[PDB]
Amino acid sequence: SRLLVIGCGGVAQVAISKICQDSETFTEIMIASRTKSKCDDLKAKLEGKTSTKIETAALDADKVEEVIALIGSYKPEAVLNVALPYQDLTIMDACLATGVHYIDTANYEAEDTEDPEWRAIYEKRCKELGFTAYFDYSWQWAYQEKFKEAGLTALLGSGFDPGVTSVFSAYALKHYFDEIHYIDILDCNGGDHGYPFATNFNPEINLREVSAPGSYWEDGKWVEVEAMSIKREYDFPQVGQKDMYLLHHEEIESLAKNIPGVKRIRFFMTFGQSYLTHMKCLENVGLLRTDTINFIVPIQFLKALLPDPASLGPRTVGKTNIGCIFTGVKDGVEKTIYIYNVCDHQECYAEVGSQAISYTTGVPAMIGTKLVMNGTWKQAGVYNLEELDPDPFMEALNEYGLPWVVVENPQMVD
């Protein structure tokens, strides 16, 4: 009934709104983030439409002392981290210090990738496991023992992917298969903002997607490849044929560990050709580069010229479809299942005033938070969603805005 939410961007705004819709679970919330004015505007926008009591504060979640002081002052039962993944460990340390629960949506990656202690563990991992993405669960899983000892719950990656995709996996394994062997996670965004080119997020993340090496997991080994070197096509329910490429994703790591006997796990994402050409163009004229220069570094000078940051929410027309195709065995017989959710952009902006990218992450975040606090998912330790009972989550998904679909004998990627 008393919750502290850290961060106040797109995801947070959806998660906070859905939270105020279930005011009987959440009687009081505190919205703290780097720029307090964002917290205040959201409070303004929400106050009067909910019975939930909303307080706000400025907070630099990169400083644990500042985070601890806050928990100490507001006294919450849990902390929902909807800030950046850079703050994961700091917020987790404070939760342990003050004995409150932790929920987030993205795993940890250092903000400064030149930090000596971070490189040493990172480089060692690049040599041992085989994949070189800057983020992974190693740092957060390491809290397993201290959290279990403090009787604290740490629910990790509770958005859509990661998050729901793991809930889909657990659900599939509990009701449809005896053993899952192949998991292909397909993320499709078929929305049209109306502009020739525009970015939904921090424009440097877009650069990370198309340029970072892509990787997957196959029979106990990570497999890394040249960025965007694996292409495919799929006819997405309610959207259509879309070109999709294999990228690396957080959940592949937890899934490979938690789904017994699993043989291969891949994650693909859609990329329209105009978008792809628009961005090898921008990176060719070096407009995405970070090399500071004078006299302003460019990538964010571009951020200035591009369309309003978040004012694509009212403009965007289209749909997203994120799901998973499972191949496994039930009663000694091969079986394929596809579970997905189709989210419509304009329904998202009409309801909470955001795009579907924020919506599909925000809603699962609140549900993950609800189940932890209401007791359903309160277990000491650090957890990824596939390790918990999927049932109450799948119900909350139907109840709170993200109904799902299950298809037996679907169309395969290959």
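Counting begins at 1, following the sequence as shown.
Undergrad: Do any residues of the deposited sequence lie unmodelled between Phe295 and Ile296, and which range holds their number: none, 1 to 3, 4 to 9, or 10 or more?
TA: Unmodelled stretch: 4 to 9 residues.
Undergrad: Going by the mean C-alpha B-factor recorded in the entry, which is higher: 131-139 or 311-319?
TA: The entry gives the higher C-alpha B-factor average to 311-319.
Undergrad: With reference to the PDB entry, specify whether the mean Cα temperature factor is higher for 350-358 or for 364-372.
TA: According to the entry, 350-358 carries the higher average C-alpha B-factor.
Undergrad: Check the PDB entry and point out which of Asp184, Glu251, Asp291, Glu109 has the largest C-alpha temperature factor.
TA: Going by the entry's C-alpha B-factors, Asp291 comes out highest.
Undergrad: Highest recorded C-alpha temperature factor, please, choosing from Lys335, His175, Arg264, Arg208.
TA: Spelled out: the listed residue with the top C-alpha B-factor is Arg208.
Undergrad: Could you tell me which third, lowest, middle or highest, the C-alpha B-factor of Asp62 occupies within its chain?
TA: Lowest third of the chain for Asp62's C-alpha B-factor.
Undergrad: Report the third (lowest, middle or highest) to which the CA temperature factor of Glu24 belongs, ranking only the modelled residues of the same chain.
TA: Middle third.
Undergrad: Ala150's Cα B-factor: lowest, middle or highest third of the chain?
TA: Answer is middle: the recorded C-alpha B-factor places it there.
Undergrad: Which third, lowest, middle or highest, does the C-alpha temperature factor of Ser1 belong to within its own chain?
TA: It falls in the top third of the chain.
Undergrad: Going by the recorded CA B-factors, say which third of the chain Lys303 sits in, lowest, middle or highest.
TA: Top third by C-alpha B-factor.
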